[PDB]
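Participant:
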Amino acid sequence: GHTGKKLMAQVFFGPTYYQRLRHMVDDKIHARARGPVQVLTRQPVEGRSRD
DNA sequence: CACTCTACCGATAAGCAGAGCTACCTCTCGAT
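Residues in the first sequence are numbered consecutively from 1075, following the UniProt record's numbering.
1. Report the partner residues of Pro1118 according to the DSSP bridge assignment.
2. Out of curiosity, what's the CA-to-CA distance linking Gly1109 and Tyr1092?
3. Tell me which same chain residues have a C-beta within less than 6 Å of the C-beta of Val1099, skipping the five on either side of it?
4. Please report the straight-line C-alpha distance between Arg1122 and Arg1094, rounded to a whole angstrom.
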């Protein structure tokens, strides 16, 4: 596509049935600087959903 | 001086109970 030149190799090409799986990156991405701690250990809490 | 007859510590298993069982991560759901 960049040059319009043919590819030296031919490409296996055609329809195939593909699935959209439940795993999406913006449901997983997570970062923590500081945030909440456990009352008993004062160590950071567990889980994306709790910071 | 040839006998048993019992108090020893070996060396046996011998039976047992418990101690342990990859790393990190996601989400939903129920009970207190």
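Ideal Cβ positions, reconstructed from N, Cα and C, are used throughout, including at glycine.
Facilitator: According to the data block:
1. Bridge partners of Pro1118: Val1111.
2. For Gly1109 and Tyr1092, the gap between their C-alpha atoms comes out near 40 Å.
3. Same-chain partners within the cutoff: there are none.
4. Approximately 23 Å, taken between the alpha carbons.
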